[PDB]
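Written below as structure tokens is the structure these notes are about.
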């Protein structure tokens, strides 16, 4: 029901999140950006290379315990 | 860095 996801930043640091399978991943994006002190819209969050939308859930994306989310600067 | 785990929802 809850899984732990590892969010890896551009500098190789990690913040882990415990989320429900039904959680909207906007909440992870907002929390991560808050902790980094950057605007949420300055970042893109990828799972298996694909962009995570605000309304995506772990269940929708097939995420599993200890899966990795990568954070990159938004494209320009 | 120390381990950091944040619970959501």
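Don't overthink the numbers, they just go from 1 along the chain as shown.
This deposition comes from X-ray crystallography, 1.4 Å.
Here the Cβ of each residue, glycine as well, is placed from N, Cα and C on the backbone.
Residues annotated as SUMO2 cross-link in Swiss-Prot, with a large-scale study or a structure entry given as evidence: A:4, A:18, A:20, A:26, A:27. The feature SUMO1 cross-link is assigned by Swiss-Prot to A:6. Swiss-Prot lists A:13 with the feature phosphoserine. Under the heading site 'Interaction with PIAS2', Swiss-Prot lists A:17. Residues or ranges marked as region '(Microbial infection) Interaction with Tula hantavirus' by Swiss-Prot: A:18-21.
Note on proximity: among A:4, A:6, A:13, A:17, the recorded positions of the record, the Cα nearest residue A:27 (SUMO2 cross-link) is that of A:17. Other Cβ atoms within 10 Å of the Cβ of residue A:4 (SUMO2 cross-link) number 14 in total over all chains. Filtering of the recorded positions A:4, A:6, A:13, A:17 by Cβ separation from chain B (threshold: under 8 Å) yields A:4, A:13, A:17, ordered along the sequence. Spatial neighbours are here defined as Cα atoms within 10 angstroms of one another, and by that definition the neighbours of residue A:6 (SUMO1 cross-link) among the recorded positions A:17, A:18, A:20, A:26 are A:17, A:18. Its Cβ placed at the centre, residue A:26 (SUMO2 cross-link) has 15 other Cβ atoms within 10 Å.
Here the CA atom of residue A:13 (phosphoserine) lies 16 Å from the CA atom of residue A:4 (SUMO2 cross-link). For residue A:20 (SUMO2 cross-link), the same-chain residues 6+ apart in sequence whose C-beta sits under 8 angstroms from its C-beta are A:1, A:2, A:58. Across the region '(Microbial infection) Interaction with Tula hantavirus' (A:18-21), DSSP assigns 0 helix, 3 strand, 1 coil.
All chains included, 16 other C-beta atoms sit within 10 angstroms of the C-beta of residue A:27 (SUMO2 cross-link).
Over all protein chains present, the Cβ of residue A:17 (site 'Interaction with PIAS2') has 24 other Cβ atoms lying within 10 Å.
Annotation note: residue A:4 (SUMO2 cross-link) sits in a strand segment as assigned by DSSP. Across the structure, residue A:18 (SUMO2 cross-link) and residue A:26 (SUMO2 cross-link) place their CA atoms 14 angstrom apart. Look at residue A:27 (SUMO2 cross-link): DSSP puts it in a helix.
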